[PDB]
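Data block below; observations after.
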Amino acid sequence: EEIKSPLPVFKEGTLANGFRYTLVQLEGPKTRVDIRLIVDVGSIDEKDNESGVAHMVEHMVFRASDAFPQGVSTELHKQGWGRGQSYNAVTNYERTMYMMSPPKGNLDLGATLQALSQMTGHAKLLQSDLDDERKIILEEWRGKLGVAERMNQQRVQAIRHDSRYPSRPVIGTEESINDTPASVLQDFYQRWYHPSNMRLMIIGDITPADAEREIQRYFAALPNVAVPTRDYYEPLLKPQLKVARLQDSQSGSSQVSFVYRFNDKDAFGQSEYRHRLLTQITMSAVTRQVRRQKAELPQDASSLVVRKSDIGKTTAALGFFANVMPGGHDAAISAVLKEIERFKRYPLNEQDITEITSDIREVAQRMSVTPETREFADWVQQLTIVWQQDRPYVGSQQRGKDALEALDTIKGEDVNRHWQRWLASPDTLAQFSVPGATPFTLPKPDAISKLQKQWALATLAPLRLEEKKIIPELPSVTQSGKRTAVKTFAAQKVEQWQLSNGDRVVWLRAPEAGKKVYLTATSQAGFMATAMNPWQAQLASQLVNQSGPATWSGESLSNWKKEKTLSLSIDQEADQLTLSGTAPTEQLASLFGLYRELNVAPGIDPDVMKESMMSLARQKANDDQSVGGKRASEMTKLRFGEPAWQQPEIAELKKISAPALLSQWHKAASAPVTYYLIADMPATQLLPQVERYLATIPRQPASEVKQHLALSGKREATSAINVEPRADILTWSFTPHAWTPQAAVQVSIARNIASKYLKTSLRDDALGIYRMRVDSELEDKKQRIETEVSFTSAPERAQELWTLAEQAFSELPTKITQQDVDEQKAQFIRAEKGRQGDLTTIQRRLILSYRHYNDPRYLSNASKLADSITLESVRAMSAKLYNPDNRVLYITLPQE
Amino acid sequence: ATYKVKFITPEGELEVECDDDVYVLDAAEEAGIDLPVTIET
Amino acid sequence: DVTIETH
């Protein structure tokens with residue numbers, strides 16, 4: 001698709017049995033083709049004993065058919081097709097769709113239509129094939145049982161109440177994936193899979209007269225049977241104020257909302273394109289105005305947003321959602337209703353509607369004159385969208401003319417009317433998400449309506465106007481420091497400067513930097529430093545990183561960095577502070593200047609702080625009672641005895657002030673710093689900038705911070721607390737070992753050979769292992785080989801697998817073949833050579849070199865690391881990956 | 001292990017951190033972000 | 001929905 005192809009020629013036809021089909025011929029690229037068939041049936045069409053059947057049928061039509069008793073998918077495998085790359089299917093509420101991208105394209109067209117016709121007209125749906133497929137369906141089921149789905153279901157339950165949708169999720173239930181017989185599948189198939197309920201689209205390098213004869217060849221003889229009439233895609237809208245809790249005991253969601261449901265495709269006698277355009281204008285105007293209203297929210301709500309979503313074929317929902325400091329949902333809903341009320345009093349800002357309308361007229365003008373041309377993958381995406389909702393495509397060129405014509409009949413009076421109908425909807429909903437164990441009882445509807453009438457009678461300030469945008473500039477630094485010494489390592493192209501304030505500069509003049517400057521400033525100022533308060537210091541770090549200098553703001557910062565192709569970011573780990581950035585050589589003063597300003601003049605954006613307080617408070621409330629919280633607390637007392645630090649209570653969090661956070665930041669920013677600089681430029685260019693921005697920052701000697709070191713010994717623990725049917729097996733093991741570049745590579749080699757053998761020892765599927773992984777590195781700051789093995793598996797198998805991995809480790813040192821190693825050595829050798837001139841690796845190794853040697857030696861003689869890889873040395877190291885004397889096992893089982 | 005995953009959506013960039021053992025959308029729902037490595041959506 | 005992509 002490298003030469004864009006123009007607006008294609010569309011041909012549509014209808015077979016005698018009702019089968020509908022669309023042929024779209026592109027000029028190119030050569031041979032490429034795309035084939036799609038929709039069956040207008042989804043899980044909404046299921047009856048009660050048909051849970052998940054639409055989706056199971058989706059799977060099952062790939063198995064035995066009349067022409068292919070060994071399976072349709074298997075004929076496709078034997079002709080070179082691949083699952084997910086060459087064919088796929090998707091099932092949602094309303095439709096089932098089958099996608100084909102034949103490996104040889106145009107040539108495989110009749111092979112493709114034979115397969116689709118088999119799938120839709122001739123599926124055997126055999127019980128014996130069902131019993132084999134059930135393994136795969138259960139696996140798709142088990143994979144999407146997390147907390148995101150359970151909440152997604154909560155949202156569908158509430159916003160689509162009084163409809164078929166909540167009780168008809170696509171995947172269905174575990175019981176019906178286990179117990180539903182293939183005869184139920186055949187009755188479903190025989191009710192819904194008929195040609196007048198199906199439509200086909202073919203896109204690409206095709207001859208329309210020929211593709212049509214093939215579609216006749218394989219689809220025309222299908223019997224023309226009718227499917228039932230349907231008029232149930234729509235919630236039953238009625239005047240009401242429904243009140244719903246959105247709840248899951250593992251969700252940190254803390255939010256409130258008020259929602260209006262209504263028929264969104266009713267255009268009231270006017271142009272339905274014009275109507276859809278009013279919607280876009282209205283949403284853009286509302287999105288601007290609701291943002292400004294952030295100023296009006298009490299401390300208990302933040303991030304007020306308006307969202308509009310389709311919740312049927314014709315009904316949409318309009319929602320105002322806001323985040324809630326846990327505990328303050330009543331106050332938050334009042335604020336939402338207050339702001340909704342304000343939008344009823346006052347018309348939308350007319351300069352917004354003028355600007356927005358103008359931006360749209362601009363793009364529609366351009367669209368109406370430039371001939372539409374697209375790449376193949378683009379054409380498919382555009383045509384598929386319009387074809388899934390059973391509508392003909394309209395060119396972007398023609399759509400521009402339609403928009404211009406509809407903008408002429410649209411003034412702000414219309415926008416306000418459009419917006420006021422939504423707000424006048426009589427079908428209304430109020431939803432609450434309250435995290436963890438926060439005291440909450442669901443309001444009754446009148447308690448809400450009371451609030452509505454309170455704000456209806458109240459006197460309300462006008463809508464907020466747009467604040468004018470502060471565009472920031474860094475200050476003038478004239479203050480200069482001075483370099484006080486120079487140690488030279490010419491053989492690594494590295495100089496090491498000492499600076500008058502105590503900092504130092506490790507400058508590496510790598511040609512691999514090109515015209516960019518790479519800055520890494522490290523220092524001993526981690527959030528566990530003795531002077532600091534661990535939780536406050538991490539929050540200070542995060543807010544400064546996001547706010548920028550004191551006189552700036554989060555948004556003006558992100559703006560300012562983008563205009564300069566500059567990045568700079570703060571990472572405060574437990575033992576270290578690291579600021580990381582890149583800039584074009586030109587903008588070297590901007591990067592050092594931005595760095596100096598984070599150090600000496602840090603900012604806290606009020607909005608960012610408020611958002612982050614709520615993010616922290618909802619996770620605290622969740623984690624005090626969530627499974628995730630209890631696993632992290634047990635893992636800590638198993639591995640460390642006590643938490644190194646802990647998040648605060650919500651009450652203390654609520655009192656945090658920007659002065660107290662800045663206080664924390666300055667303790668971190670006072671630690672002496674080493675600037676690892678990678679830049680290809682003469683010292684005479686780099687020295688003046690280093691003496692002005694970097695050497696003039698006040699510093700004070702800091703102590704090293706003690707590592708968080710896992711305790712030695714054998715401890716184990718089992719907890720039946722999981723909520724999904726799964727067992728979680730984690731075990732930890734270390735062996736103190738001195739760090740050398742070789743020892744680190746030997747460990748990673750041995751862990752690879754380890755990684756495949758602990759798979760042999762444990763590939764019996766009767767063990768029901770869902771996922772397992774094995775990790776091992778010679779950690780350089782801790783100087784110990786640290787190994788982690790983790791399983792997720794079914795619960796009954798669960799305690800046998802550690803036993804066998806343990807055994808697989810004892811076995812391993814005598815089982816490493818020679819051609820394991822020298823295939824890994826060849827693998828390392830080539831992977832290393834990918835890494836030379838890789839700036840990420842050069843920078844990582846310079847920093848590491850100074851950590852262990854206090855010089856840049858590790859930048860040289862990488863070529864002789866490969867030779868530390870012998871068989872005798874990888875065996876002697878594989879014997880050290882698991883140490884039975886230092887072992888921690890943690891087993892999480894489903895709650896009994 | 002612990003990896004920084006980040007979502008671009010039509011209102012902001014809002015940070016969550018996600019173990020290797022954890023689906024990225026579950027770490028968001030556990031963090032109290034409403035949506036439906038740096039992935040974009 | 002967006003009917004005319006703007007940015």
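We name chains A, B, ... following the order of the structure tokens; residues begin at 1 in each chain, and ligands are numbered from 1 as shown.
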How close does each residue of chain B get to segment 249-259 of chain A, giving the shortest atom pair and distance in Å to one decimal for every residue with an atom at most 9 Å away, counting only C-alpha atoms, sorted by chain and residue number, as CSV?
```
residue,atom,partner,partner_atom,distance
B:26,CA,A:251,CA,8.8
B:28,CA,A:252,CA,8.5
B:29,CA,A:251,CA,5.6
B:30,CA,A:251,CA,4.7
B:31,CA,A:252,CA,5.1
B:32,CA,A:253,CA,3.8
B:33,CA,A:253,CA,6.5
B:34,CA,A:253,CA,7.4
```
Show me, as number ranges by chain, the residues of chain A whose atoms get within 10 Å of chain C, using only C-alpha atoms for the distance check. A: 273, 276-281, 283-284, 308-310, 356, 359-364, 367, 396, 399-400, 403
Put those residues in a file: N, CA and C atoms, as a PDB file, in the first residue's frame.
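Once written, out.pdb looks like this:
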```pdb
ATOM      1  N   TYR A 273     -27.404  14.202   8.973  1.00  0.00           N
ATOM      2  CA  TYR A 273     -25.989  14.545   9.010  1.00  0.00           C
ATOM      3  C   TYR A 273     -25.801  15.829   9.786  1.00  0.00           C
ATOM      4  N   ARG A 276     -25.927  15.007  13.403  1.00  0.00           N
ATOM      5  CA  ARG A 276     -24.683  14.443  13.929  1.00  0.00           C
ATOM      6  C   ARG A 276     -23.589  15.496  14.040  1.00  0.00           C
ATOM      7  N   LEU A 277     -23.635  16.523  13.187  1.00  0.00           N
ATOM      8  CA  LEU A 277     -22.662  17.598  13.251  1.00  0.00           C
ATOM      9  C   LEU A 277     -22.938  18.528  14.437  1.00  0.00           C
ATOM     10  N   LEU A 278     -24.216  18.764  14.751  1.00  0.00           N
ATOM     11  CA  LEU A 278     -24.566  19.510  15.952  1.00  0.00           C
ATOM     12  C   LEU A 278     -24.023  18.830  17.194  1.00  0.00           C
ATOM     13  N   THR A 279     -24.120  17.503  17.233  1.00  0.00           N
ATOM     14  CA  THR A 279     -23.563  16.736  18.339  1.00  0.00           C
ATOM     15  C   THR A 279     -22.081  17.034  18.524  1.00  0.00           C
ATOM     16  N   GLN A 280     -21.305  16.987  17.435  1.00  0.00           N
ATOM     17  CA  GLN A 280     -19.869  17.190  17.567  1.00  0.00           C
ATOM     18  C   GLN A 280     -19.559  18.596  18.069  1.00  0.00           C
ATOM     19  N   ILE A 281     -20.163  19.609  17.434  1.00  0.00           N
ATOM     20  CA  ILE A 281     -20.037  20.982  17.909  1.00  0.00           C
ATOM     21  C   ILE A 281     -20.382  21.085  19.392  1.00  0.00           C
ATOM     22  N   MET A 283     -20.479  18.827  21.751  1.00  0.00           N
ATOM     23  CA  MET A 283     -19.535  18.166  22.642  1.00  0.00           C
ATOM     24  C   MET A 283     -18.239  18.951  22.738  1.00  0.00           C
ATOM     25  N   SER A 284     -17.752  19.502  21.621  1.00  0.00           N
ATOM     26  CA  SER A 284     -16.517  20.281  21.694  1.00  0.00           C
ATOM     27  C   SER A 284     -16.706  21.508  22.577  1.00  0.00           C
ATOM     28  N   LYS A 308     -20.197  11.204  26.158  1.00  0.00           N
ATOM     29  CA  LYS A 308     -21.370  10.730  25.439  1.00  0.00           C
ATOM     30  C   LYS A 308     -21.056   9.407  24.746  1.00  0.00           C
ATOM     31  N   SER A 309     -21.890   8.393  25.020  1.00  0.00           N
ATOM     32  CA  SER A 309     -21.665   7.026  24.561  1.00  0.00           C
ATOM     33  C   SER A 309     -22.941   6.391  24.018  1.00  0.00           C
ATOM     34  N   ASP A 310     -22.784   5.567  22.976  1.00  0.00           N
ATOM     35  CA  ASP A 310     -23.880   4.751  22.455  1.00  0.00           C
ATOM     36  C   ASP A 310     -24.140   3.567  23.377  1.00  0.00           C
ATOM     37  N   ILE A 356     -15.037  26.842  17.214  1.00  0.00           N
ATOM     38  CA  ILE A 356     -15.191  25.429  16.878  1.00  0.00           C
ATOM     39  C   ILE A 356     -15.802  25.270  15.497  1.00  0.00           C
ATOM     40  N   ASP A 359     -13.181  26.022  12.881  1.00  0.00           N
ATOM     41  CA  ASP A 359     -12.201  24.953  12.697  1.00  0.00           C
ATOM     42  C   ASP A 359     -12.782  23.830  11.850  1.00  0.00           C
ATOM     43  N   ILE A 360     -14.049  23.496  12.081  1.00  0.00           N
ATOM     44  CA  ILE A 360     -14.723  22.460  11.309  1.00  0.00           C
ATOM     45  C   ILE A 360     -14.924  22.901   9.863  1.00  0.00           C
ATOM     46  N   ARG A 361     -15.316  24.160   9.652  1.00  0.00           N
ATOM     47  CA  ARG A 361     -15.497  24.633   8.283  1.00  0.00           C
ATOM     48  C   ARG A 361     -14.185  24.565   7.516  1.00  0.00           C
ATOM     49  N   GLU A 362     -13.073  24.879   8.194  1.00  0.00           N
ATOM     50  CA  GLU A 362     -11.746  24.811   7.588  1.00  0.00           C
ATOM     51  C   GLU A 362     -11.452  23.411   7.055  1.00  0.00           C
ATOM     52  N   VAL A 363     -11.555  22.399   7.922  1.00  0.00           N
ATOM     53  CA  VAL A 363     -11.244  21.028   7.527  1.00  0.00           C
ATOM     54  C   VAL A 363     -12.243  20.507   6.497  1.00  0.00           C
ATOM     55  N   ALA A 364     -13.518  20.897   6.609  1.00  0.00           N
ATOM     56  CA  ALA A 364     -14.502  20.454   5.624  1.00  0.00           C
ATOM     57  C   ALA A 364     -14.256  21.105   4.267  1.00  0.00           C
ATOM     58  N   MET A 367     -11.362  19.108   2.813  1.00  0.00           N
ATOM     59  CA  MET A 367     -11.894  17.807   2.410  1.00  0.00           C
ATOM     60  C   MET A 367     -12.669  17.883   1.098  1.00  0.00           C
ATOM     61  N   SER A 396     -14.744  11.091   1.675  1.00  0.00           N
ATOM     62  CA  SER A 396     -14.340  12.254   2.444  1.00  0.00           C
ATOM     63  C   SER A 396     -14.500  13.537   1.630  1.00  0.00           C
ATOM     64  N   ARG A 399     -18.183  14.208   1.869  1.00  0.00           N
ATOM     65  CA  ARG A 399     -18.552  14.544   3.237  1.00  0.00           C
ATOM     66  C   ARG A 399     -18.175  15.980   3.575  1.00  0.00           C
ATOM     67  N   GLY A 400     -17.086  16.490   2.994  1.00  0.00           N
ATOM     68  CA  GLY A 400     -16.745  17.888   3.201  1.00  0.00           C
ATOM     69  C   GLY A 400     -17.814  18.830   2.669  1.00  0.00           C
ATOM     70  N   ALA A 403     -20.821  18.767   5.042  1.00  0.00           N
ATOM     71  CA  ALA A 403     -20.595  19.516   6.269  1.00  0.00           C
ATOM     72  C   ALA A 403     -20.707  21.016   6.030  1.00  0.00           C
TER      73      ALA A 403
END
```
For atom CA of residue 105 of chain A and atom CA of residue 203 of chain A, quote the distance in Å rounded to one decimal.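 Straight-line distance from atom CA of residue 105 of chain A to atom CA of residue 203 of chain A works out to 10.6 Å.
Proximity to chain B was assessed for A:69, A:606, A:239, A:554 counting only C-alpha atoms; the smallest distance is recorded for A:554.
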Determine, counting only C-alpha atoms, which protein, DNA and RNA residues have an atom within 12 Å of an atom of residue 862 of chain A; residues of the same chain fewer than 4 positions away are not included. Present the result as a list in words.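 Counting only C-alpha atoms, the residues come to residues 741, 742, 745, 828, 829, 832, 833, 835, 836, 841, 842, 845, 857, 858, 866, 867 and 868 of chain A.
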Dump N, CA and C atoms for the selected residues as a short mmCIF file (atom, residue, chain, number, x, y, z; two decimals), in the first residue's frame?
```
data_model
loop_
_atom_site.label_atom_id
_atom_site.label_comp_id
_atom_site.auth_asym_id
_atom_site.auth_seq_id
_atom_site.Cartn_x
_atom_site.Cartn_y
_atom_site.Cartn_z
N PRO A 741 31.51 -8.12 35.37
CA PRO A 741 30.77 -8.22 34.10
C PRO A 741 30.56 -9.66 33.66
N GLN A 742 31.58 -10.49 33.83
CA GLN A 742 31.47 -11.90 33.47
C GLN A 742 30.41 -12.59 34.31
N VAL A 745 27.08 -11.96 33.11
CA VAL A 745 26.66 -12.60 31.85
C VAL A 745 26.48 -14.10 32.06
N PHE A 828 24.42 -14.98 22.56
CA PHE A 828 25.00 -13.82 23.20
C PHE A 828 25.89 -13.05 22.22
N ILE A 829 26.86 -13.74 21.61
CA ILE A 829 27.84 -13.08 20.75
C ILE A 829 27.14 -12.17 19.76
N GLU A 832 25.24 -9.24 21.60
CA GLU A 832 26.20 -8.21 21.98
C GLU A 832 26.49 -7.28 20.81
N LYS A 833 26.74 -7.84 19.63
CA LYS A 833 27.15 -6.98 18.53
C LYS A 833 26.02 -6.07 18.08
N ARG A 835 24.47 -4.52 20.22
CA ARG A 835 24.53 -3.53 21.29
C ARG A 835 25.66 -2.52 21.15
N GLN A 836 26.69 -2.79 20.36
CA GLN A 836 27.72 -1.77 20.15
C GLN A 836 27.13 -0.59 19.39
N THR A 841 22.74 1.28 25.69
CA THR A 841 23.69 0.37 26.33
C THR A 841 24.98 1.08 26.75
N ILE A 842 25.52 1.96 25.88
CA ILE A 842 26.70 2.76 26.22
C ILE A 842 26.45 3.59 27.48
N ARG A 845 26.19 1.33 30.59
CA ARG A 845 27.45 0.73 31.02
C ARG A 845 28.41 1.76 31.62
N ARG A 857 36.04 2.10 32.86
CA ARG A 857 36.76 1.01 32.20
C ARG A 857 35.83 0.07 31.45
N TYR A 858 34.60 -0.13 31.94
CA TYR A 858 33.65 -1.07 31.36
C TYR A 858 33.16 -0.63 29.99
N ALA A 866 32.36 -12.55 25.84
CA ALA A 866 31.84 -13.78 25.26
C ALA A 866 32.67 -14.98 25.68
N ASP A 867 33.96 -14.77 25.94
CA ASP A 867 34.85 -15.89 26.23
C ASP A 867 34.77 -16.35 27.67
N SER A 868 34.11 -15.58 28.55
CA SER A 868 33.75 -16.13 29.85
C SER A 868 32.71 -17.23 29.72
#
```
Of the listed residues B:36, B:22, B:10, B:1, that which approaches chain C most closely, counting only C-alpha atoms: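 Of B:36, B:22, B:10, B:1, the one nearest chain C, counting only C-alpha atoms, is B:10.
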Expected answer as a PyMOL selection string: chain A residues within 10 Å of chain B, only C-alpha atoms: chain A and resi 143-152+248-255+287+291+303+305+321+323+433+435+611-612+614-620+622-623+626+628+728+771-773+775+788+790-792
Apply DSSP to the backbone of this structure and, from segment 163-358 of chain A, keep only the residues in strand (DSSP E or B); write these as number ranges by chain. A: 198-204, 240-245, 255-263, 301-310, 315-324
Can you work out the spacing between atom CA of residue 229 of chain A and atom CA of residue 313 of chain A in Å, to one decimal?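 Spanning atom CA of residue 229 of chain A to atom CA of residue 313 of chain A is a straight-line distance of 15.3 Å.
Secondary structure from DSSP on the backbone puts helix (DSSP H, G or I) at the following positions of chain B: residues 24, 25, 26, 27, 28, 29, 30 and 31 of chain B.
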